[PDB]
């Protein structure tokens, strides 16, 4: 069967669920999943993901959209999107030196545990061409020269635009992205990075965490923003470490943690379970 997903965010008022479930009912659909959240009882914002089925979710789609928009969307000033499971989001993976993130994604993709359409892997290094190509996926090596940054980014954009990339995944890509680039992929660029307690801003954090004697290693997957501030956090987790682990053993623990947290975030983004509002997310698991 075909599963349609209705993602909705709007100002919190009474009757949104009644309106939506009621609209869907009149169009002969059957809710298979319904979740909602309100940042505040009265006032604030409303969030809802509704997964459902219905006969002929084909040419019956543009019409389903027109009606929802006229009948419900406009009434509640809703921000929404109707997504179908059969749809496979054209994605791209940018990567630099580290390969733990990329590999987990490629493999999880290969055994069919990530519902996407991986179009290509872009890297400012050649290191992974062999492994990536063995998966039947285009590997594009486009160097990132000093000052010649704009040089590189132009190619990358053309590349993604040519392929119709809807999602860009930074699998430990070590180069910064100008606000202009990020501007073309709003809440469409997922990134991963190391976290700690307390936070460790410096050179070789995995040496500073060990130096402070931390008992935890964190990792944070988030949406990338032009904004001066880190984008909407998607997922966060930690791996326990003890006096036992050496800078060598912590790094391995942190990678396993990173590739896991990142895949989790990508899987969620692909299953359409992430709703963004302001600089936070509402993840409907």
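Numbering follows the first chain given and starts at 1.
Higher average CA B factor: 268-276, of the stretches 18-26 and 268-276. Taking the mean C-alpha B-factor of each stretch as recorded, 190-198 and 142-150 are not equal, and the higher mean is that of 142-150. The PDB entry gives the largest Cα B-factor of the residues 248, 259, 37, 222 to 248. Among 106, 72, 209, 92, the highest C-alpha B-factor recorded in the PDB entry belongs to 209.
Among the modelled residues of its chain, residue 60 has a C-alpha B-factor that falls in the highest third according to the deposited record. When the CA B factors of the chain's modelled residues are split into thirds, the value for residue 31 lands in the lowest one.
In this PDB entry, residue 113 carries a Cα temperature factor that places it within the lowest third of its chain's modelled residues. In the deposited entry, the Cα temperature factor of residue 81 places it in the middle third of its chain's modelled residues.
The entry lists a Cα temperature factor for residue 51 that places it in the middle third of the chain's modelled residues.
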